[PDB]
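Undergrad:
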Amino acid sequence: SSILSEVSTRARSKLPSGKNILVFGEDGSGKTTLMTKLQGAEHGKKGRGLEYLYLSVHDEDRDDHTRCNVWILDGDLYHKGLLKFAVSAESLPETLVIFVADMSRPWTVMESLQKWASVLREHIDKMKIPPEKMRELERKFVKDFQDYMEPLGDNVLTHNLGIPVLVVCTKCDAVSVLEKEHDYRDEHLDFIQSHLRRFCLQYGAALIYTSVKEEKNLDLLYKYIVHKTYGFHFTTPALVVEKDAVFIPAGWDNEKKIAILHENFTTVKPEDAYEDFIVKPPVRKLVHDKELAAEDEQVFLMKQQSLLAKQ
Amino acid sequence: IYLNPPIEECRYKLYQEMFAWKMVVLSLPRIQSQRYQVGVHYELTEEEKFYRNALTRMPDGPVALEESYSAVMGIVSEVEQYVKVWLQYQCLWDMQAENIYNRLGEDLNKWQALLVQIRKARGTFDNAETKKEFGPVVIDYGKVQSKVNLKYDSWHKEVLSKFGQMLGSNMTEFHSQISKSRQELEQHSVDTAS
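Just so you know, the protein sequences line up as chains E and A, in that order. For the first sequence, the residue numbers in the authors' numbering are 37 to 186, 213 to 373. Quick note: the second sequence, position 85, residue 1053 per the authors' numbering, numbers continuous.
Here's what the structure looks like:
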């Protein structure tokens, strides 16, 4: 009617809300730990299926309070249908999606990350986004990627959804332990970093190392999350100089910036398969002792007939 | 118009309730032979020690979960809509009546339309009910019940008064021209050579 126009047109200053930040990752990778530590409490409670965290973002420059919706998703593939609750056409244009790559188990990173490469993609097509809007969001995201001042190429954003994507890898401190407990070479770290950077480049993603135990880049992660979902002022440069914690802004990545990381390792060519270079973590739990079956009466009586037969 | 718990709380607390109602039957210890079968000389993994696989053992498949969140995805959604309606009253403290006057200047008579839907907009409001219940979510419009009432009633009174003032001016036109035309007809010159 008339009111819903008259009162609605009387709009005041505000800050955009209703943003749905999404978190898919391999189960048990401390995803809940990471995000709970981010939002202020040490750790909430885990569970099964989709879980909710309302992230309270306050801007002191404008002195306002807003909440974003962290919908953190279980790592079980059987719980993939309920993701249809997580993303809707109304919510899609303002969704920022991140992965949790538990560096304490590098051998299960890429494919689990590539597991993303299916799930969301399926969910982004089974919801039937009209071509016009998905193309316009895609080109908008491409342009946003292009204009990073502190790039074009064959595979840059060669496959993406047009929403901001991050690849945050938690439990960073463990890199030390697996360095000594596994003799995990520094060249291995360089190789996996280059591979992850190529991945984030083909999805136009910004990649952040972090460790809840060492509380590294948590402030930087907060800054980048708010800067991407809202558009706040950002000033942190590309922290890539030290391997311990590396921060790749979405757009800072270039193919030459990965060739420079390629050169310093000369053991095995990066073109080789991911799992080939990394060593497999051997299974510890032994197989259960075999069934001690008892020969049933029938074939036993057959054998006893034979025994009484040759005599 | 604030929410003492923001609307996100309405979903977060319900999720915590559903998590409790899952863990009440999920965190049950798993029956195991390790009591004497010490040959598994390894700390019992959480996934097996606490029996965290029941969700994959749905007789009806994941549909129940699809239903469960759905209820929440309903219960919260519409109630936020309800909250939204309340937030629509925000204008009553920051609005310019001149804008309304210019937009609807000389309507059917002066407004004659929005003044009608305002009485209907007095809904979700002006009732002995103090808090709206919906499932386990209760929204208490107790602190605003009187303040928004005073503001809305004042605005209604001013709009009604302006409507009546314009109505009366048009009725001055009404009766004045009726009187003039009645006298003009009451000249009654029916027969004339001119």
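Note that beta-carbon positions come from the ideal geometry of N, C-alpha and C, so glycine has one too.
List the residues of chain E whose Cβ lies closer than 7 Å to the Cβ of A/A1089, in chain order.
TA: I39
Undergrad: Buried or exposed: which applies to A/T1024, given that a residue is buried once 16 or more other Cβ atoms fall within 10 Å of its Cβ?
TA: Exposed: under 16 other Cβ atoms inside 10 Å.
Undergrad: Classify E/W143: buried if its beta carbon has 16 or more other beta carbons within 10 angstroms, exposed otherwise.
TA: Counting Cβ neighbours within 10 Å, E/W143 comes out exposed, since fewer than 16 surround it.
Undergrad: Kindly provide the ranges of any alpha helix (DSSP H) runs that are 4 or more residues long and lie completely inside the stretch 994–1022 of chain A, ordered along the chain.
TA: 1014–1017
Undergrad: Determine the chain E residues that contact A/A1032 at a beta-carbon separation under 8 Å, and present them in chain order.
TA: Within 8 Å Cβ-Cβ: nothing; A/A1032 doesn't reach chain E, min ~11 Å.
Undergrad: Is it right to say E/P167 is buried, meaning 16 or more other beta carbons lie within 10 angstroms of its own, or is it exposed?
TA: It counts as exposed.
Undergrad: So, is the C-beta of E/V345 closer than 9 Å to a C-beta in chain A?
TA: no
Undergrad: Alpha carbon to alpha carbon, how far is E/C231 from E/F181?
TA: 21 Å
Undergrad: Helix or strand or just coil, what does DSSP make of E/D161?
TA: Secondary structure at E/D161: helix, using DSSP grouped into helix, strand and coil.
Undergrad: Taking one C-beta from the stretch 295–315 of chain E and one from the stretch 250–270 of chain E each time, how about it: are there three or more such pairs within less than 8 Å?
TA: Yes: the two stretches touch, three or more of their Cβ pairs being nearer than 8 Å.
Undergrad: For the alpha helix (DSSP H) that contains E/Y292, what are its first and last residues?
TA: Run containing E/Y292: none; DSSP gives neither H nor E here.
Undergrad: In chain A, which residues lie with their C-beta within 9 Å of the C-beta of E/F294?
TA: Near E/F294 there are no residues of chain A at all, since even the closest Cβ is about 20 Å away, more than 9 Å.
Undergrad: Of all the options E/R175, E/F294, E/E42 and E/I310, which has the alpha carbon lying nearest to the alpha carbon of A/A1089?
TA: Of the candidates E/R175, E/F294, E/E42 and E/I310, the one whose C-alpha sits nearest the C-alpha of A/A1089 is E/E42.
Undergrad: Are E/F253 and E/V302 closer than 9 Å when you measure CB to CB?
TA: It is not a contact, given that the beta carbons lie outside the stated cut-off.
Undergrad: Quick one: what's got a C-beta closer than 8 Å to A/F1131's C-beta in the same chain, skipping five residues either side?
TA: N1077, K1078, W1079, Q1080 and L1083
Undergrad: Tell me whether A/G1007 is buried or exposed, calling it buried when 16 or more other Cβ atoms sit within 10 Å of its Cβ.
TA: exposed
Undergrad: In this structure, what does DSSP give as the bridge partners for residue 1169 of chain A?
TA: A question about residue 1169 of chain A goes unanswered here, because the residues of chain A that appear run from 969 up to 1162.
Undergrad: Any idea if residue 376 of chain E is buried or exposed, counting beta-carbon neighbours within 10 angstroms, 16 or more meaning buried?
TA: In the structure displayed, chain E extends from 37 to 373; residue 376 of chain E sits before or after that span and is not available.
Undergrad: Can you name the residues that DSSP bridges to E/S273?
TA: E/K278
Undergrad: Can you look up A/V1031 in the DSSP assignment and give me helix, strand or coil?
TA: helix
Undergrad: Using CA coordinates, which residue listed in E/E62, E/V93 and E/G83 is at the minimum distance from E/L74?
TA: E/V93
Undergrad: Quick check on E/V43 - is its C-beta less than 9 Å from some C-beta in chain A?
TA: yes
Undergrad: Mapping the DSSP letters down to three states, classify A/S1114 as helix, strand or coil.
TA: Residue state, collapsed to three classes: coil.
Undergrad: Just checking: is the beta-carbon of E/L86 within a distance shorter than 9 Å of some beta-carbon in chain A?
TA: It does; some Cβ of chain A falls within 9 Å.
Undergrad: If the criterion is Cβ atoms closer than 9 Å, does the pair E/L228 and E/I160 meet it?
TA: no
Undergrad: Could you tell me whether any Cβ in chain E is nearer than 9 Å to the Cβ of A/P974?
TA: yes
Undergrad: Would you check if the distance between the CB atom of E/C104 and the CB atom of E/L118 is smaller than 9 Å?
TA: Cβ distance not < 9 Å, so E/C104 and E/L118 don't count as in contact.
Undergrad: E/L156 and E/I108: beta carbons closer than 9 Å?
TA: Going by C-beta atoms, E/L156 is not nearer than 9 Å to E/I108.
Undergrad: Measuring alpha carbon to alpha carbon, tell me which of E/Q150, E/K242, E/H244 and E/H250 ends up nearest residue 195 of chain E.
TA: Examination of chain E shows a numbering gap from 186 to 213; residue 195 of chain E is inside it and therefore has no coordinates.
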